[PDB]
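Visitor: If it helps, the file is called run-v6.txt and holds compact mmCIF, N, CA and C atoms:
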# COMPACT_ATOMS: atom_id res chain seq x y z
N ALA A 1 -9.44 8.72 -8.81
CA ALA A 1 -9.52 8.00 -7.55
C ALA A 1 -8.27 8.24 -6.71
N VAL A 2 -8.37 9.15 -5.74
CA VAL A 2 -7.26 9.47 -4.86
C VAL A 2 -7.10 8.36 -3.83
N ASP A 3 -5.88 7.85 -3.70
CA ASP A 3 -5.54 6.84 -2.70
C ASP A 3 -4.75 7.53 -1.60
N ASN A 4 -5.36 7.68 -0.43
CA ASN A 4 -4.76 8.41 0.68
C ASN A 4 -3.66 7.62 1.39
N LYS A 5 -3.27 6.45 0.86
CA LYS A 5 -2.32 5.56 1.53
C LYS A 5 -2.78 5.26 2.95
N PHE A 6 -4.10 5.14 3.12
CA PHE A 6 -4.71 4.97 4.44
C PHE A 6 -4.28 3.67 5.10
N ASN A 7 -3.87 2.67 4.32
CA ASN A 7 -3.39 1.42 4.90
C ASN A 7 -2.04 1.60 5.58
N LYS A 8 -1.15 2.40 4.97
CA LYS A 8 0.13 2.69 5.61
C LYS A 8 -0.07 3.57 6.84
N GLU A 9 -1.02 4.51 6.78
CA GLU A 9 -1.37 5.28 7.96
C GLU A 9 -1.94 4.38 9.05
N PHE A 10 -2.59 3.28 8.66
CA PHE A 10 -3.09 2.32 9.64
C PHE A 10 -1.94 1.66 10.38
N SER A 11 -0.90 1.25 9.65
CA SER A 11 0.21 0.54 10.27
C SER A 11 0.98 1.44 11.23
N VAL A 12 1.18 2.71 10.85
CA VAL A 12 1.87 3.65 11.74
C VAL A 12 1.04 3.88 12.99
N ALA A 13 -0.26 4.15 12.82
CA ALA A 13 -1.12 4.41 13.96
C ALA A 13 -1.33 3.15 14.80
N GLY A 14 -1.50 2.00 14.13
CA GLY A 14 -1.68 0.76 14.87
C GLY A 14 -0.47 0.38 15.70
N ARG A 15 0.73 0.64 15.17
CA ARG A 15 1.95 0.39 15.94
C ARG A 15 2.01 1.27 17.18
N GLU A 16 1.57 2.52 17.06
CA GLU A 16 1.61 3.43 18.21
C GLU A 16 0.62 2.99 19.29
N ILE A 17 -0.55 2.49 18.89
CA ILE A 17 -1.55 2.07 19.86
C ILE A 17 -1.10 0.81 20.58
N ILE A 18 -0.46 -0.11 19.85
CA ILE A 18 0.01 -1.35 20.46
C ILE A 18 1.09 -1.09 21.50
N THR A 19 1.81 0.03 21.40
CA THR A 19 2.86 0.37 22.34
C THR A 19 2.38 1.25 23.49
N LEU A 20 1.06 1.45 23.62
CA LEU A 20 0.52 2.23 24.73
C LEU A 20 0.33 1.30 25.93
N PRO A 21 1.14 1.42 26.98
CA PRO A 21 1.20 0.35 27.99
C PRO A 21 0.00 0.27 28.92
N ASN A 22 -0.84 1.30 28.98
CA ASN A 22 -1.90 1.34 29.99
C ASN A 22 -3.27 0.96 29.45
N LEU A 23 -3.42 0.78 28.14
CA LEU A 23 -4.65 0.23 27.60
C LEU A 23 -4.70 -1.27 27.84
N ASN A 24 -5.91 -1.82 27.91
CA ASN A 24 -6.05 -3.26 28.07
C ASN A 24 -6.25 -3.92 26.70
N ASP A 25 -6.36 -5.25 26.71
CA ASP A 25 -6.42 -6.00 25.46
C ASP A 25 -7.65 -5.65 24.62
N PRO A 26 -8.88 -5.68 25.13
CA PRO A 26 -10.01 -5.30 24.27
C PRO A 26 -9.99 -3.84 23.86
N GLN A 27 -9.40 -2.95 24.66
CA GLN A 27 -9.31 -1.54 24.31
C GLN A 27 -8.45 -1.32 23.07
N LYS A 28 -7.28 -1.96 23.07
CA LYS A 28 -6.34 -1.92 21.94
C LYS A 28 -6.97 -2.52 20.69
N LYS A 29 -7.65 -3.65 20.85
CA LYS A 29 -8.28 -4.34 19.73
C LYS A 29 -9.42 -3.52 19.16
N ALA A 30 -10.15 -2.81 20.02
CA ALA A 30 -11.23 -1.96 19.55
C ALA A 30 -10.70 -0.81 18.71
N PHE A 31 -9.61 -0.18 19.16
CA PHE A 31 -9.00 0.90 18.38
C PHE A 31 -8.48 0.38 17.04
N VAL A 32 -7.87 -0.80 17.04
CA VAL A 32 -7.31 -1.37 15.82
C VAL A 32 -8.42 -1.65 14.81
N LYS A 33 -9.54 -2.22 15.27
CA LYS A 33 -10.66 -2.47 14.37
C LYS A 33 -11.20 -1.16 13.79
N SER A 34 -11.30 -0.12 14.62
CA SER A 34 -11.77 1.17 14.12
C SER A 34 -10.78 1.77 13.13
N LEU A 35 -9.48 1.62 13.39
CA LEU A 35 -8.47 2.07 12.44
C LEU A 35 -8.60 1.33 11.11
N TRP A 36 -8.83 0.02 11.17
CA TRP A 36 -8.92 -0.77 9.95
C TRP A 36 -10.16 -0.41 9.14
N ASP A 37 -11.26 -0.09 9.82
CA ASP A 37 -12.50 0.20 9.11
C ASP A 37 -12.50 1.61 8.52
N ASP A 38 -11.95 2.58 9.25
CA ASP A 38 -11.89 3.97 8.78
C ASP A 38 -10.50 4.51 9.04
N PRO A 39 -9.54 4.18 8.17
CA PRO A 39 -8.16 4.65 8.38
C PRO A 39 -7.99 6.14 8.16
N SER A 40 -9.00 6.83 7.62
CA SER A 40 -8.94 8.29 7.53
C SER A 40 -8.93 8.93 8.91
N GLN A 41 -9.53 8.28 9.90
CA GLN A 41 -9.55 8.75 11.27
C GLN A 41 -8.39 8.21 12.09
N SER A 42 -7.28 7.85 11.45
CA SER A 42 -6.17 7.23 12.16
C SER A 42 -5.57 8.18 13.19
N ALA A 43 -5.47 9.47 12.85
CA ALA A 43 -4.87 10.43 13.76
C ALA A 43 -5.81 10.80 14.90
N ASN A 44 -7.11 10.96 14.61
CA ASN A 44 -8.07 11.21 15.67
C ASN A 44 -8.15 10.02 16.63
N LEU A 45 -8.12 8.80 16.09
CA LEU A 45 -8.25 7.61 16.93
C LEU A 45 -7.01 7.41 17.80
N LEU A 46 -5.82 7.64 17.25
CA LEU A 46 -4.61 7.54 18.05
C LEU A 46 -4.61 8.58 19.16
N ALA A 47 -5.10 9.79 18.87
CA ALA A 47 -5.19 10.83 19.89
C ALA A 47 -6.13 10.42 21.01
N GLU A 48 -7.21 9.71 20.67
CA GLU A 48 -8.14 9.25 21.70
C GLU A 48 -7.52 8.11 22.52
N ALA A 49 -6.79 7.22 21.86
CA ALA A 49 -6.15 6.12 22.57
C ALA A 49 -5.06 6.62 23.51
N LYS A 50 -4.30 7.63 23.08
CA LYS A 50 -3.28 8.20 23.95
C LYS A 50 -3.91 8.89 25.15
N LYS A 51 -5.01 9.62 24.94
CA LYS A 51 -5.74 10.22 26.04
C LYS A 51 -6.19 9.17 27.04
N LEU A 52 -6.75 8.06 26.54
CA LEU A 52 -7.21 6.99 27.41
C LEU A 52 -6.04 6.29 28.09
N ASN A 53 -4.93 6.11 27.37
CA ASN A 53 -3.76 5.50 27.98
C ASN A 53 -3.22 6.35 29.13
N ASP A 54 -3.14 7.67 28.92
CA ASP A 54 -2.63 8.55 29.96
C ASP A 54 -3.56 8.61 31.15
N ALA A 55 -4.87 8.48 30.92
CA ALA A 55 -5.82 8.53 32.02
C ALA A 55 -5.80 7.26 32.85
N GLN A 56 -5.30 6.15 32.29
CA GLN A 56 -5.28 4.87 32.98
C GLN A 56 -3.89 4.52 33.51
N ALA A 57 -3.01 5.51 33.64
CA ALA A 57 -1.68 5.26 34.16
C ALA A 57 -1.77 4.82 35.62
N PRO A 58 -0.87 3.92 36.06
CA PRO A 58 -0.85 3.42 37.44
C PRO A 58 -0.69 4.53 38.47
N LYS B 5 -17.11 -13.31 6.71
CA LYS B 5 -16.93 -14.60 7.36
C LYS B 5 -15.53 -14.73 7.93
N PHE B 6 -14.69 -13.72 7.68
CA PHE B 6 -13.32 -13.70 8.19
C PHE B 6 -13.08 -12.52 9.12
N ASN B 7 -14.14 -11.91 9.66
CA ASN B 7 -13.98 -10.76 10.53
C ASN B 7 -13.12 -11.09 11.75
N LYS B 8 -13.31 -12.29 12.31
CA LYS B 8 -12.47 -12.71 13.43
C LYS B 8 -11.06 -13.05 12.96
N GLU B 9 -10.95 -13.81 11.87
CA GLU B 9 -9.63 -14.19 11.37
C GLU B 9 -8.84 -12.98 10.89
N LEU B 10 -9.53 -12.01 10.27
CA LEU B 10 -8.85 -10.80 9.81
C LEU B 10 -8.39 -9.95 10.99
N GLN B 11 -9.29 -9.68 11.94
CA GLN B 11 -8.94 -8.86 13.10
C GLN B 11 -7.81 -9.51 13.90
N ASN B 12 -7.82 -10.84 14.00
CA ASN B 12 -6.75 -11.54 14.71
C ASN B 12 -5.42 -11.43 13.97
N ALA B 13 -5.43 -11.69 12.66
CA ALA B 13 -4.20 -11.60 11.89
C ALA B 13 -3.65 -10.18 11.89
N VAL B 14 -4.53 -9.19 11.76
CA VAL B 14 -4.09 -7.80 11.79
C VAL B 14 -3.46 -7.46 13.14
N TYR B 15 -4.08 -7.91 14.23
CA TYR B 15 -3.58 -7.56 15.56
C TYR B 15 -2.26 -8.26 15.86
N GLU B 16 -2.11 -9.52 15.43
CA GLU B 16 -0.87 -10.24 15.69
C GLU B 16 0.28 -9.71 14.85
N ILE B 17 0.01 -9.36 13.59
CA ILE B 17 1.06 -8.84 12.72
C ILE B 17 1.58 -7.51 13.24
N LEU B 18 0.69 -6.69 13.82
CA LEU B 18 1.12 -5.45 14.45
C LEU B 18 2.08 -5.70 15.60
N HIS B 19 1.96 -6.85 16.27
CA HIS B 19 2.79 -7.14 17.44
C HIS B 19 4.16 -7.71 17.07
N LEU B 20 4.28 -8.34 15.90
CA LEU B 20 5.51 -9.02 15.52
C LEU B 20 6.69 -8.05 15.56
N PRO B 21 7.69 -8.28 16.40
CA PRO B 21 8.74 -7.27 16.61
C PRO B 21 9.78 -7.22 15.50
N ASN B 22 10.00 -8.34 14.82
CA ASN B 22 11.12 -8.47 13.89
C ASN B 22 10.78 -8.03 12.47
N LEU B 23 9.55 -7.60 12.22
CA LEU B 23 9.18 -7.12 10.90
C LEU B 23 9.47 -5.63 10.78
N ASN B 24 9.84 -5.21 9.57
CA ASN B 24 9.94 -3.79 9.27
C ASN B 24 8.59 -3.28 8.79
N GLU B 25 8.44 -1.95 8.81
CA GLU B 25 7.15 -1.35 8.50
C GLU B 25 6.72 -1.64 7.07
N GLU B 26 7.68 -1.74 6.14
CA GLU B 26 7.35 -2.03 4.75
C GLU B 26 6.80 -3.45 4.61
N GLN B 27 7.46 -4.42 5.24
CA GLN B 27 6.92 -5.78 5.28
C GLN B 27 5.54 -5.79 5.92
N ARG B 28 5.39 -5.06 7.03
CA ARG B 28 4.11 -4.99 7.71
C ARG B 28 3.05 -4.35 6.83
N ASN B 29 3.44 -3.34 6.04
CA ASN B 29 2.50 -2.72 5.11
C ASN B 29 2.08 -3.71 4.02
N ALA B 30 3.02 -4.52 3.53
CA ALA B 30 2.71 -5.46 2.46
C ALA B 30 1.67 -6.48 2.91
N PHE B 31 1.78 -6.98 4.14
CA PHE B 31 0.79 -7.93 4.65
C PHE B 31 -0.57 -7.27 4.80
N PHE B 32 -0.60 -6.03 5.31
CA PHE B 32 -1.86 -5.33 5.48
C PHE B 32 -2.54 -5.08 4.14
N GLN B 33 -1.76 -4.79 3.10
CA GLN B 33 -2.34 -4.54 1.79
C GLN B 33 -2.90 -5.82 1.18
N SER B 34 -2.25 -6.96 1.43
CA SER B 34 -2.77 -8.24 0.95
C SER B 34 -4.01 -8.65 1.73
N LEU B 35 -4.04 -8.38 3.03
CA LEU B 35 -5.22 -8.68 3.84
C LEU B 35 -6.42 -7.86 3.38
N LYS B 36 -6.20 -6.59 3.04
CA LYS B 36 -7.30 -5.76 2.56
C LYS B 36 -7.77 -6.19 1.17
N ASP B 37 -6.89 -6.81 0.38
CA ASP B 37 -7.29 -7.26 -0.95
C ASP B 37 -7.97 -8.62 -0.92
N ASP B 38 -7.61 -9.48 0.03
CA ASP B 38 -8.19 -10.82 0.13
C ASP B 38 -8.14 -11.26 1.58
N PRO B 39 -9.17 -10.93 2.37
CA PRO B 39 -9.18 -11.35 3.78
C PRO B 39 -9.30 -12.85 3.97
N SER B 40 -9.61 -13.62 2.92
CA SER B 40 -9.69 -15.07 3.05
C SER B 40 -8.33 -15.69 3.32
N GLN B 41 -7.24 -15.00 2.97
CA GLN B 41 -5.89 -15.47 3.23
C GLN B 41 -5.35 -15.00 4.57
N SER B 42 -6.24 -14.71 5.53
CA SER B 42 -5.79 -14.19 6.82
C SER B 42 -4.90 -15.19 7.55
N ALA B 43 -5.30 -16.47 7.56
CA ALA B 43 -4.50 -17.48 8.23
C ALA B 43 -3.17 -17.70 7.51
N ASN B 44 -3.19 -17.71 6.17
CA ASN B 44 -1.96 -17.91 5.41
C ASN B 44 -1.01 -16.72 5.57
N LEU B 45 -1.54 -15.50 5.52
CA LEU B 45 -0.69 -14.33 5.64
C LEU B 45 -0.14 -14.19 7.05
N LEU B 46 -0.93 -14.56 8.06
CA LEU B 46 -0.42 -14.55 9.43
C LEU B 46 0.69 -15.57 9.61
N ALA B 47 0.52 -16.77 9.06
CA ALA B 47 1.57 -17.78 9.15
C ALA B 47 2.82 -17.32 8.42
N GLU B 48 2.65 -16.66 7.27
CA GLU B 48 3.80 -16.13 6.55
C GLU B 48 4.50 -15.03 7.33
N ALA B 49 3.72 -14.16 7.99
CA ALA B 49 4.31 -13.07 8.76
C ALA B 49 5.06 -13.58 9.98
N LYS B 50 4.55 -14.64 10.62
CA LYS B 50 5.25 -15.20 11.77
C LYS B 50 6.52 -15.92 11.35
N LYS B 51 6.47 -16.68 10.26
CA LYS B 51 7.67 -17.31 9.72
C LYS B 51 8.73 -16.26 9.39
N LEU B 52 8.32 -15.20 8.69
CA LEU B 52 9.23 -14.10 8.40
C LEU B 52 9.74 -13.45 9.68
N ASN B 53 8.87 -13.33 10.69
CA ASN B 53 9.28 -12.75 11.96
C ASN B 53 10.31 -13.63 12.66
N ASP B 54 10.15 -14.95 12.58
CA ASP B 54 11.10 -15.85 13.21
C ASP B 54 12.46 -15.79 12.53
N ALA B 55 12.48 -15.62 11.20
CA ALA B 55 13.73 -15.58 10.47
C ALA B 55 14.50 -14.28 10.68
N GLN B 56 13.87 -13.25 11.23
CA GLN B 56 14.50 -11.95 11.42
C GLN B 56 14.71 -11.62 12.90
N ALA B 57 14.81 -12.64 13.75
CA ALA B 57 15.03 -12.43 15.18
C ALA B 57 16.45 -11.96 15.46
As structure tokens, please, write out the structure in this file.
Guide:
Amino acid sequence: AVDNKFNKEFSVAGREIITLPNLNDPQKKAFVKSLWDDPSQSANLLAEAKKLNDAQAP
Amino acid sequence: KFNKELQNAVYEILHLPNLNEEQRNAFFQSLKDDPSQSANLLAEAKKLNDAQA
């Protein structure tokens, strides 16, 4: 049983999403829930959140 | 039955500024092992966060 340390990858990715200033509250919460459910996709999900954050810049 | 309490505790613990990543990892690992302690672990994380201001 390989343990990918996916929970620690969740905390690193979740911290990065919380610091994205242009996402709104439900957007951030949606990414966090997706990270928690499938932490194997932590890097893909952070990449999507950064794309969305950059697209919503003032 | 704790999907709201878990998601809330997870989201608030991520925001706590005074925690280190290892402490933050420990709470996440306990939440994944027993989500029924979401309120207790969140209260513990905030208390720990207040003591490390």
Visitor: Report the closest atom pair, with its distance in Å rounded to one decimal, for each residue of chain A that has an atom no farther than 8 Å from chain B; count only N, CA and C atoms, sort by chain and then rising residue number, and write it as a Markdown table.
Guide:
| residue | atom | partner | partner_atom | distance |
| --- | --- | --- | --- | --- |
| A:7 | C | B:29 | CA | 6.3 |
| A:8 | CA | B:29 | CA | 5.9 |
| A:11 | CA | B:29 | CA | 6.5 |
| A:12 | N | B:25 | CA | 7.6 |
| A:14 | C | B:18 | CA | 6.2 |
| A:15 | CA | B:18 | CA | 6.1 |
| A:18 | CA | B:18 | C | 6.8 |
| A:28 | C | B:15 | CA | 8.0 |
| A:29 | CA | B:15 | CA | 7.1 |
| A:32 | CA | B:15 | CA | 7.2 |
| A:33 | CA | B:11 | CA | 6.7 |
Visitor: Please return, as JSON, numbers by chain, all polymer residues that have at least one atom within 12 Å of the point (5.2, 2.9, 29.1); use only C-alpha atoms and the file's own coordinate frame.
Guide: {"A": [16, 17, 18, 19, 20, 21, 22, 23, 50, 53, 54, 56, 57, 58]}
Visitor: Atom CA of residue A:40 and atom CA of residue B:38 are how many Å apart?
Guide: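 Separation of atom CA of residue A:40 and atom CA of residue B:38: 20.5 Å.
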Visitor: Nearest residue to residue B:23 out of B:40, B:54, B:35, B:9, using all atoms listed in the file?
Guide: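 Once distances to residue B:23 are computed over all atoms listed in the file, the minimum belongs to B:54.
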Visitor: For residue A:45, please output as an MDAnalysis selection string all residues within 8 Å (counting all atoms listed in the file; exclusion window: fewer than 3 positions along the same chain).
Guide: chainID A and resid 13 17 31 34:35 40:42 48:51
Visitor: Which of stretch 9-44 of chain B counts as helix (DSSP H, G or I) under DSSP, as a PyMOL selection string please?
Guide: chain B and resi 9-19+25-37+39-44
Visitor: Restore N, CA, C and O atoms in stretch 23-44 of chain A and list the result as a compact mmCIF listing (two decimals), in the coordinates of the input.
Guide:
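Saved to rebuild.txt:
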# COMPACT_ATOMS: atom_id res chain seq x y z
N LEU A 23 -3.42 0.78 28.14
CA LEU A 23 -4.65 0.23 27.60
C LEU A 23 -4.70 -1.27 27.84
O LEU A 23 -3.66 -1.92 27.99
N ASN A 24 -5.91 -1.82 27.91
CA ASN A 24 -6.05 -3.26 28.07
C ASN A 24 -6.25 -3.92 26.70
O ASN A 24 -6.30 -3.26 25.66
N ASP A 25 -6.36 -5.25 26.71
CA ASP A 25 -6.42 -6.00 25.46
C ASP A 25 -7.65 -5.65 24.62
O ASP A 25 -7.47 -5.34 23.43
N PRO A 26 -8.88 -5.68 25.13
CA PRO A 26 -10.01 -5.30 24.27
C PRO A 26 -9.99 -3.84 23.86
O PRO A 26 -10.50 -3.51 22.78
N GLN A 27 -9.40 -2.95 24.66
CA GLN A 27 -9.31 -1.54 24.31
C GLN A 27 -8.45 -1.32 23.07
O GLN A 27 -8.85 -0.61 22.15
N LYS A 28 -7.28 -1.96 23.07
CA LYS A 28 -6.34 -1.92 21.94
C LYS A 28 -6.97 -2.52 20.69
O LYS A 28 -6.86 -1.96 19.60
N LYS A 29 -7.65 -3.65 20.85
CA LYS A 29 -8.28 -4.34 19.73
C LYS A 29 -9.42 -3.52 19.16
O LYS A 29 -9.64 -3.53 17.95
N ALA A 30 -10.15 -2.81 20.02
CA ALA A 30 -11.23 -1.96 19.55
C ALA A 30 -10.70 -0.81 18.71
O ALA A 30 -11.27 -0.47 17.66
N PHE A 31 -9.61 -0.18 19.16
CA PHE A 31 -9.00 0.90 18.38
C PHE A 31 -8.48 0.38 17.04
O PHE A 31 -8.62 1.05 16.01
N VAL A 32 -7.87 -0.80 17.04
CA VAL A 32 -7.31 -1.37 15.82
C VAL A 32 -8.42 -1.65 14.81
O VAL A 32 -8.28 -1.37 13.61
N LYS A 33 -9.54 -2.22 15.27
CA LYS A 33 -10.66 -2.47 14.37
C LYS A 33 -11.20 -1.16 13.79
O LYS A 33 -11.52 -1.09 12.60
N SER A 34 -11.30 -0.12 14.62
CA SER A 34 -11.77 1.17 14.12
C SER A 34 -10.78 1.77 13.13
O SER A 34 -11.19 2.36 12.12
N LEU A 35 -9.48 1.62 13.39
CA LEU A 35 -8.47 2.07 12.44
C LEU A 35 -8.60 1.33 11.11
O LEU A 35 -8.49 1.94 10.04
N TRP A 36 -8.83 0.02 11.17
CA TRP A 36 -8.92 -0.77 9.95
C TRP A 36 -10.16 -0.41 9.14
O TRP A 36 -10.12 -0.41 7.91
N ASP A 37 -11.26 -0.09 9.82
CA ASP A 37 -12.50 0.20 9.11
C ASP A 37 -12.50 1.61 8.52
O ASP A 37 -12.99 1.81 7.41
N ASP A 38 -11.95 2.58 9.25
CA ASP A 38 -11.89 3.97 8.78
C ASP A 38 -10.50 4.51 9.04
O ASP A 38 -10.25 5.22 10.02
N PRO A 39 -9.54 4.18 8.17
CA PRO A 39 -8.16 4.65 8.38
C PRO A 39 -7.99 6.14 8.16
O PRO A 39 -6.92 6.68 8.47
N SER A 40 -9.00 6.83 7.62
CA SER A 40 -8.94 8.29 7.53
C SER A 40 -8.93 8.93 8.91
O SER A 40 -8.37 10.02 9.07
N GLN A 41 -9.53 8.28 9.90
CA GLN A 41 -9.55 8.75 11.27
C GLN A 41 -8.39 8.21 12.09
O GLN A 41 -8.50 8.12 13.32
N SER A 42 -7.28 7.85 11.45
CA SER A 42 -6.17 7.23 12.16
C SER A 42 -5.57 8.18 13.19
O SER A 42 -5.19 7.76 14.29
N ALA A 43 -5.47 9.47 12.85
CA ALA A 43 -4.87 10.43 13.76
C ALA A 43 -5.81 10.80 14.90
O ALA A 43 -5.37 10.95 16.04
N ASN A 44 -7.11 10.96 14.61
CA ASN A 44 -8.07 11.21 15.67
C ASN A 44 -8.15 10.02 16.63
O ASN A 44 -8.22 10.20 17.85
